[PDB]
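Heads up: the structure comes next, in structure tokens.
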Amino acid sequence: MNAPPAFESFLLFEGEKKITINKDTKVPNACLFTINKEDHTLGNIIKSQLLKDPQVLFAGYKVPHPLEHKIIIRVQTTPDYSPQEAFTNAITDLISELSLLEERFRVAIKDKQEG
Amino acid sequence: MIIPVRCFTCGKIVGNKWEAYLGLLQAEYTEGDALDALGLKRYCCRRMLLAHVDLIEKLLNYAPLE
Amino acid sequence: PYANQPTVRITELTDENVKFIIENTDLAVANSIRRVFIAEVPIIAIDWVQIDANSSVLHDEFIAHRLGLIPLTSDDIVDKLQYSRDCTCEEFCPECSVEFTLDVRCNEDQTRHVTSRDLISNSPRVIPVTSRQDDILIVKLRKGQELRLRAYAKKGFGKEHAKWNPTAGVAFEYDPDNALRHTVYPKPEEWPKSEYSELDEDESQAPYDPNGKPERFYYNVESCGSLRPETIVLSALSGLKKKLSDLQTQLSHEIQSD
Amino acid sequence: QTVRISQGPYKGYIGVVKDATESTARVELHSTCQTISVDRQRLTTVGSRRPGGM
Amino acid sequence: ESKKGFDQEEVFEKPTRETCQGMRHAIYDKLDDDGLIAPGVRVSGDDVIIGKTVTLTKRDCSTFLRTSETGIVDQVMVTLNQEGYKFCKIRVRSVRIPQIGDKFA
Amino acid sequence: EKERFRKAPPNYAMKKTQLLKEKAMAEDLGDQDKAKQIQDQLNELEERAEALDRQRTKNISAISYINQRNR
Amino acid sequence: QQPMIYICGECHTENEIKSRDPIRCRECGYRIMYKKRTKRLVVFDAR
Amino acid sequence: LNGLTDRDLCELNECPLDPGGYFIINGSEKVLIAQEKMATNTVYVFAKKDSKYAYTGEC
RNA sequence: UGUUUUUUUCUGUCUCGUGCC
Ligand SMILES: [Zn+2]
Ligand SMILES: [Zn+2]
Ligand SMILES: [Zn+2]
């Protein structure tokens with residue numbers, strides 16, 4: 001009777017923020033990015049892209065509870081490199097790589113048809 | 001009771017294949033060749049034509065009128 | 001501190017499935033692209049059935065359940081229509097939905113086979129998979145029974161329900177030879193060789209490789225019939241790009257607000 | 001009375017108002033076996049009459 | 001229905017808001033005027049399923065769907081029992097989607 | 001008055017009519033009456049078989065054929 | 001003006017049955033009879 | 001339904017697969033559980049120890 | 001120089017059988 005619907009996994013609720021930044025107090029230059037209504041699709045690629053950057057000292061996400069739709073990403077970089085710009089660069093260059101992959105796949109398909 | 005529309009595990013449409021499966025078994029083909037003649041490679045989709053029971057016929061035997 | 005330049009090579013292009021290879025990319029990107037292939041792919045499907053007279057032997061909900069699983073071709077319609085949740089009108093408008101109708105009544109003595117062909121759609125291009133192989137059997141009617149109803153179709157993705165799952169099964173596989181030791185075979189000689197394995201029949205598995213990254217990820221996206229496989233790949237990549245862009249915009253707004 | 005949700009995530013469902021208030025109103029969904037509390041303004045009466053009667 | 005006594009008597013009839021003294025705080029216009037719900041109609045917990053009213057003016061001696069059932073009426077059948085009174089049976093279906101905690105084996 | 005003119009076999013009372021005819025034949029000790037009842041029962045059975053064959057000509061018969069050849 | 005249309009058991013023939021009447025079909029004569037589908041907005045979600 | 005073809009059974013709102021052999025009382029399927037007991041007309045010689053008799057010839 | 005409505009927790013008996021941790 002109380003099974004949740006299907007739209008509460010991706011659709012935002014009124015008042016609920018898509019992303020929230022929270023600075024950590026245990027170590028300097030460390031913030032936990034909390035993402036709402038998402039899953040491993042949008043966190044694993046960002047985790048790996050952050051891992052590629054050498055200036056990022058720490059990078060990793062988790063799922064507080066599988067039924068609940070939220071992921072926390074913790075990022076810790078060098079003191080001369082804020083984690084906000086690290087996250088922004090990771091997202092931007094991941095977008096660029098995905099677009100390039102799209103373009104290459106499309107040209108490969110169009111060449112494969114009768115060619 | 002009736003053929004499903006898609007395989008539970010995979011998702012390939014199998015609903016449009018029960019009648020063809022019966023026909024191929026009808027002519028001379030046997031099951032082991034009929035299944036791959038229809039185009040079912042994964043073993044998960046092959047239970048839909050082997051494990052399915054066709055109980056809709058008995059239900060249709062109880063015609064409401066005439 | 002930047003990403004990579006992946007390469008693509010299609011090995012088999014057909015109208016039912018595509019086998020392509022992605023090289024020079026991280027495992028996480030590959031797995032995410034797979035999960036988007038399965039879950040987050042826009043596609044049209046039946047999601048609102050109005051049953052007016054159902055005298056069949058099956059349940060009233062059984063008809064709707066079966067109709068929900070009937071694929072609908074959306075090669076150039078899914079990109080145009082908008083999600084019903086974000087619509088700015090009332091009732092299922094044709095600009096954001098597609099109407100269907102089914103009116104079959106077994107009059108002759110022989111039993112009827114109500115197939116997907118009976119779904120008379122208002123739009124020409126939004127039709128069940130019957131263009132170019134028998135049709136999806138919905139139910140069987142007998143003399144005296146009938147089935148009248150009309151349904152509307154909307155856009156959705158597999159994350160909401162399995163009706164919007166275009167891909168049948170994605171065969172994701174990387175590193176056919178067990179070179180990275182990501183799996184340890186107790187008896188390698190007892191296992192068969194992968195389809196894409198380049199090693200000879202003598203050696204069982206490739207030797208260990210300490211400094212080696214996973215590359216050359218293989219794909220076998222298999223379309224159910226609604227969307228074309230390459231169309232599925234393009235739509236999934238475009239959706240992932242849109243999600244990334246929205247996340248970037250939200251992060252930028254959050255940073256400026258602080 | 002039978003109503004129809006015209007806006008919000010449940011747009012398209014059909015139900016009968018169970019308990020109504022000045023702002024919100026509980027409507028039991030036809031398909032699913034669950035009752036939700038949707039805003040009254042999100043509802044649109046459709047009714048079910050029978051013209052004729054002769 | 002049955003003949004309880006010389007003055008007591010049961011009959012199928014929609015218990016209105018005026019003549020019937022004993023009455024539940026539930027919806028009654030959901031069923032037709034016979035006192036039997038039509039098939040394929042929404043019912044939920046604590047909903048009137050039959051329109052039985054016994055005269056004392058009348059008392060709503062009608063049964064209700066059990067709490068936490070939330071099903072749909074499949075068909076309604078009416079007949080006479082051996083005694084010759086109006087005898088009816090109603091069955092309510094429910095699509096139980098497999099959810100967590102259900103016992104499998 | 002309705003069943004007086006309305007012919008009996010239609011439509012779902014075929015089994016009931018056959019049972020009634022058999023009971024009447026068993027109860028009746030006469031020869032002509034028993035023969036007439038037996039002929040009526042045989043005619044009803046033949047009509048029911050023909051109606052089923054017409055209804056079960058497709059699918060219902062092909063499924064029996066495939067099952068028998070498969071066994 | 002609804003005369004409470006009912007459906008016979010085996011004959012499946014429409015019958016008009018009002019209150020304070022025996023529950024029998026217009027021909028043959030049986031004791032079992034069902035009701036007709038409601039006229040309400042029966043709308044399901046194909047989920 | 002004694003030796004009746006499946007045609008009539010289907011026409012009488014019944015199935016040929018029903019095993020049968022169950023009474024119908026007040027519209028409820030009643031079944032008689034086969035009770036077992038001690039065989040009659042047979043001599044039994046037990047050795048009950050919690051009594052004053054060493055042996056007992058029950059029949 | 002004027003403007004029509006206030007009533008609310010009901011409730012059921014004794015017996016037997018089956019299934020589950
Ligand atoms: Zn399968
Ligand atoms: Zn619209
Ligand atoms: Zn009658």
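We label chains A, B, ... in the order they appear in the structure tokens, count residues from 1 in each chain, and number ligands from 1 in the order shown.
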TODO: Could the residues that lie within 8 Å of ligand 2, counting only C-alpha atoms (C1' of nucleotides) and all ligand atoms, be listed as a list in words?
DONE: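 Going residue by residue within 8 Å of ligand 2, we get residues 82, 84, 87, 88, 89, 90, 91, 92, 93, 94, 95, 96 and 97 of chain C.
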Determine, counting only C-alpha atoms (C1' of nucleotides), which protein, DNA and RNA residues have an atom within 10 Å of an atom of range 224-228 of chain C; residues of the same chain fewer than 3 positions away are not included. Present the result as JSON, numbers by chain. {"B": [6, 11, 12, 13], "C": [14, 15, 16, 17, 18, 41, 42, 43, 44, 45, 70, 71, 72, 73, 74, 75, 76, 78, 126, 127, 128, 129, 130, 164, 165, 166, 167, 168, 169, 221, 231, 232, 233, 234, 235]}
Show me which residues line ligand 1, defined as having an atom within 7 Å of a ligand atom where only C-alpha atoms (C1' of nucleotides) and all ligand atoms count, and present them as a PyMOL selection string. chain B and resi 7-12+42-46
Kindly provide, as an MDAnalysis selection string, all nucleotide and amino acid residues lying within 10 Å of ligand 3, counting only C-alpha atoms (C1' of nucleotides) and all ligand atoms.
chainID G and resid 8:11 13 15 22:33
**DSSP strand (DSSP E) selection over range 40-214 of chain C, as a ChimeraX atom specification** = /C:43-54,98-105,112-115,120-121,137-141,146-156,173-174
Give as a PyMOL selection string every residue of chain F that touches chain B within 9 Å, counting only C-alpha atoms.
chain F and resi 10-12+59-60+62-63+65-66+69-70
- request: Extract, using only C-alpha atoms (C1' of nucleotides), all DNA, RNA and protein residues at most 10 Å from range 5-21 of chain I, discarding same-chain residues fewer than 4 positions from it, and format them as a PyMOL selection string.
  value: chain E and resi 22-25
Those selected residues, please, written with N, CA, C and O atoms and delivered as a PDB file, in the first residue's frame.
```pdb
ATOM      1  N   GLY E  22     -29.080   4.641  12.720  1.00  0.00           N
ATOM      2  CA  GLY E  22     -27.764   4.026  12.727  1.00  0.00           C
ATOM      3  C   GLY E  22     -27.131   4.134  11.353  1.00  0.00           C
ATOM      4  O   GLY E  22     -27.733   3.747  10.343  1.00  0.00           O
ATOM      5  N   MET E  23     -25.911   4.666  11.307  1.00  0.00           N
ATOM      6  CA  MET E  23     -25.250   4.944  10.043  1.00  0.00           C
ATOM      7  C   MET E  23     -23.761   5.154  10.285  1.00  0.00           C
ATOM      8  O   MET E  23     -23.356   5.629  11.349  1.00  0.00           O
ATOM      9  N   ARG E  24     -22.955   4.770   9.298  1.00  0.00           N
ATOM     10  CA  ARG E  24     -21.508   4.916   9.353  1.00  0.00           C
ATOM     11  C   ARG E  24     -21.087   6.219   8.686  1.00  0.00           C
ATOM     12  O   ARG E  24     -21.819   6.802   7.884  1.00  0.00           O
ATOM     13  N   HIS E  25     -19.890   6.680   9.041  1.00  0.00           N
ATOM     14  CA  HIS E  25     -19.331   7.902   8.466  1.00  0.00           C
ATOM     15  C   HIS E  25     -18.500   7.566   7.227  1.00  0.00           C
ATOM     16  O   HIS E  25     -17.305   7.848   7.137  1.00  0.00           O
TER      17      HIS E  25
END
```
**Asked** What is the CA of residue 32 in chain F-CA of residue 45 in chain F distance in Å, reported with one decimal?
**Response**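 CA of residue 45 in chain F lies 19.9 Å from CA of residue 32 in chain F.
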_Give me the residues near range 21-27 of chain H as a PyMOL selection string, where near means some atom within 12 Å (using only C-alpha atoms (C1' of nucleotides)) and where sequence neighbours in that chain fewer than 2 positions away do not count._
(chain E and resi 81-82+89) or (chain H and resi 1-2+18-19+29-33)
Using only C-alpha atoms, find each residue of chain E with at least one atom at most 12 Å away from an atom of chain A; report its shortest atom-to-atom pair and that distance in Å (one decimal), sort the rows by chain and rising residue number, and return the result as CSV.
```
residue,atom,partner,partner_atom,distance
E:44,CA,A:1,CA,11.1
E:45,CA,A:1,CA,11.5
E:67,CA,A:1,CA,11.7
E:68,CA,A:1,CA,8.0
E:69,CA,A:1,CA,9.0
E:70,CA,A:1,CA,8.3
E:71,CA,A:1,CA,10.9
E:94,CA,A:1,CA,11.2
E:95,CA,A:1,CA,11.1
E:96,CA,A:1,CA,9.5
E:97,CA,A:3,CA,9.6
E:98,CA,A:3,CA,10.4
E:99,CA,A:3,CA,7.8
E:100,CA,A:3,CA,9.4
E:101,CA,A:3,CA,11.9
```
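All residues of range 21-73 of chain A that DSSP, run on the backbone, classes as alpha helix (DSSP H) are residues 41, 42, 43, 44, 45, 46, 47, 48, 49, 50, 51 and 52 of chain A.
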Check: For chain C against chain G, which residues fall within 6 Å using only C-alpha atoms, given as JSON, numbers by chain?
Finding: {"C": [47, 48, 49, 50, 64, 65, 68]}
